[PDB]
Amino acid sequence: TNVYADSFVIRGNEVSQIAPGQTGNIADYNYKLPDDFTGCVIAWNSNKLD
Amino acid sequence: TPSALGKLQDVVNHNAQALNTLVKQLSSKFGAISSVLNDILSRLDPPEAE
């Protein structure tokens, strides 16, 4: 029905914090996913432009 | 002979024990961490509290 493309840059050790069943600083104060999130999480290293 | 009114004594005792068992089943855990919902909601993470 709806496809939302959220884009953001985070730290490598903070990539796992973005998850429906996890808790962390980035998950609580930067980007929080619901407990019933339906979708995919795509992340890749980009240390060439930044 | 107190057993003369046994047909009604058994009925009232069955009702009383059914109520007391239904209210006692709230203290069971059924494989959970604690019988109190407020203790689970204040000691575990949402993905496990659910």
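Note on numbering: positions run from 1 along each chain as its sequence is written and may not match the entry's numbering; residues without coordinates are not listed. Lettering of chains starts at A and numbering of ligands starts at 1, both following the order in which they are written. Here we see some chains out of a larger assembly; the values all refer to those chains and nothing more. With hydrogens and water stripped out, all remaining heavy atoms of the structure feed into the side-chain values.

cryo-EM is the method the PDB entry lists for this structure, together with a resolution of 2.95 Å.

A. Seen up close, the overall build of chain A. Each helix is a run of H or I in the DSSP string that is no shorter than four residues. Each strand is a run of E no shorter than two, and both are numbered from the N terminus. Helices and strands together make up the secondary structure of chain A, namely 1 helix and 0 strands. Counting only C-alpha atoms and orienting by the principal axes, one finds that chain A spans roughly 35 × 25 × 15 Å. Working definition: with a 1.4 Å probe on protein chains only, accessible area under 20% of the residue-type maximum means buried, over 50% means exposed, and in between means partly exposed. Burial analysis of chain A (50 residues in total) assigns 16% to the buried set.

B. Structural context of the overall build of chain B. Check the secondary structure of chain B and you find 3 helices and 0 strands. Dimensions of chain B, computed from C-alpha atoms along their principal axes, come out at roughly 60 × 15 × 10 Å. Split into buried and exposed, the 50 residues of chain B put 6% on the buried side. As displayed, chain B offers around 4600 Å² of accessible surface, 59% of which is attributable to carbon and sulfur atoms. Positive: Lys, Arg. Negative: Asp, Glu. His and the chain ends are not part of the count. A charge is said to be at NZ when it belongs to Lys, at CZ for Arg, at CG for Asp and at CD for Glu. Across chain B, the 4 positively charged side chains and the 5 negatively charged ones have centroids separated by 15 Å. Per-residue and other accessible areas follow the Shrake-Rupley method at a 1.4 Å probe size, with only the shown protein chains counted as cover for residues.

C. Molecular detail of the pattern of salt bridges. All names here are of chain A. What makes a salt bridge here is a side-chain nitrogen of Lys or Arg within 4 Å of a carboxyl oxygen of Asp or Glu, nothing more. All told, the structure shown has 1 salt bridge over all chains when counted by the stated rule. Here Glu14 makes a salt bridge to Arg11, at a shortest N to O gap of 2.8 Å. Take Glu14: its relative accessible area is 13%, and that puts it in the buried class. Of the residues examined, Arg11 reaches a relative accessible area of 54% and is grouped as exposed.

D. Seen up close, the side chain of A:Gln17. Summarising the element assignment, A:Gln17 is placed in the segment before α1 (25–29). At 3.2 Å, the side chain of A:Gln17 and the backbone nitrogen of A:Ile26 are in polar contact. A 3.5 Å cut-off defines polar contacts: any pair of N or O atoms within that distance qualifies, except that in protein one atom must be a possible hydrogen donor and the other a possible acceptor, and neighbouring residues in sequence count only when both atoms are side-chain atoms.

E. Just unusual backbone geometry, in detail. Phi at B:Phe30 is positive, roughly 55°, even though this residue is not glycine. Summarising the element assignment, B:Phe30 is placed in the loop between α1 (6–24) and α2 (37–40).

F. Looking closely at the packing of aromatic side chains. All names here are of chain A. In this analysis, rings of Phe, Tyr and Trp, with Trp reduced to its six-membered ring, are considered paired at centre separations within 6.5 Å, and the interplanar angle assigns stacked below 30 degrees, edge-to-face beyond 60, and tilted for intermediate values. On inspection of all chains with the given rule, the structure shows 1 aromatic pair over all chains. A ring pair is formed by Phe8 and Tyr31, whose centres lie 4.8 Å apart and whose planes are at 35°; its orientation type is tilted. A residue pair is termed long-range when its members are at least 10 positions apart, and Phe8 in the segment before α1 and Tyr31 in the segment after α1 qualify at 23 residues. Its relative accessible area of 39% is what places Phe8 among the partly exposed residues.

G. Quick look at a negative patch on the surface. Side chains of A:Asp35, A:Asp36, B:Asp45, B:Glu48 and B:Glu50 sit close together on the surface and give a patch of like negative charge. Mapped onto the elements of the fold, A:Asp35 is located in the segment after α1. Among the residues examined, A:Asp35 registers a relative accessible area of 42% and is labelled partly exposed. Patch membership requires over 30% relative accessible area and the absence of a salt bridge. Like charges are linked within 9 Å, and nonpolar side chains (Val, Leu, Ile, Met, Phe, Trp, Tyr) within 5 Å.

H. Representation of the side chain of B:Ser34 in the model. Residues and elements named next belong to chain B. Mapping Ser34 onto the fold places it in the loop between α1 and α2. A polar contact is formed between the side chain of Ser34 and the backbone nitrogen of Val36, at a distance of 3.5 Å. Not counting residues up to four positions away in its chain, the partners in contact with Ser34 are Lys29, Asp39 and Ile40. It only takes one pair of heavy atoms within 4.5 Å for two residues to be counted as in contact.

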